[PDB]
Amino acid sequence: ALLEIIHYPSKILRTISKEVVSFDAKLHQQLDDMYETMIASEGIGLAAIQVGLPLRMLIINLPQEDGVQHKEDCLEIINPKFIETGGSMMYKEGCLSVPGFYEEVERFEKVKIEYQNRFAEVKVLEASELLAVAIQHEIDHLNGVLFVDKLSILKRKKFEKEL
């Protein structure tokens, strides 16, 4: 099913999401609906709070070389924690919850996270470049943080101007 995506400035997006403890059919249904919703809106990442579900889970599916998203490439990241962070880089970001707006954010250039997949299997994943940015952006959502919160002095006013 398609889910409604919640947009700025909804206070729902300020919610701190809760750890998932039951990795069951309902969880899988929600993840499937998140995927359907993300793809229908042409997104590459989605956190559960963006569809109103305050759970610490997010999906990321980056396009391959022909610009196509293959389902087998989708990461389902549940209960993530950072193990390591490194470096710094600027990256131009957007967000399904802030549609039509894009701006550079400073992110770690490399991250290592630990998380669980939909079968509760523990994973460790190292990421750089776009994947690292997507991981940081989506984890920020779980903590009630939007990328526009991270903009500089100069950039928020451009954001408010475009508003």
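Numbering starts at 1 and runs along the sequence shown.
Judged by mean Cα B factor in the deposited record, 151-159 ranks above the other of 151-159 and 11-19. Look at the C-alpha B-factors of 82-90 and of 68-76. On average they run higher in 68-76.
Across the residues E106, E121, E42, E114, the deposited record lists the maximum Cα B factor for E42. Among the modelled residues of its chain, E126 has a C-alpha B-factor that falls in the middle third according to the deposited record. Looking at the C-alpha B-factors along this chain, the one for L62 belongs to the highest third.
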